[PDB]
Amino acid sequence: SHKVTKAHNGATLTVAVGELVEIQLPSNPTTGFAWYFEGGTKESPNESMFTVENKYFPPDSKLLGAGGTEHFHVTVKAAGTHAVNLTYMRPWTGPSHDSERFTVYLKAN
């Protein structure tokens, strides 16, 4: 009902409370990198506002080191304009100005 990819960086989706939004982003943990909320977490900044589930999907490949995909399942729990802000980084190194970022806003009335 709501799917979002890199093509939708910076977009706003209007959703109902309790509705699920699926975010799919390229991700390659074999390079040490993954997507995180600020502070290197996969969890929501505010659980009462929205919840997040995260899962990695390896590619179908006979090779080692092909890129896969991370899915973030976000469920909005209250009225608001919920900012989902992710950064692609090696967690032990942290972010820089150059790091790739993804943002979507989930707006519930």
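Residue positions are given as counts along the sequence shown, with the first one as 1. In this text, rigid core is short for the largest set of C-alphas that superpose within 1.5 Å between two forms.
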property: Farther-lying stretch by C-alpha RMS in 5 other deposited structures of this protein, rigid core as reference, of 11-19 and 89-97; result: 89-97
property: Stretch with greater C-alpha deviation in 5 other deposited structures of this protein, 55-63 versus 70-78 (rigid core superposition); result: 55-63
property: 43-51 set against 30-38, stretch whose average Cα temperature factor tops the other in the entry; result: 43-51
property: Mean C-alpha temperature factor, higher of 18-26 and 84-92; result: 18-26
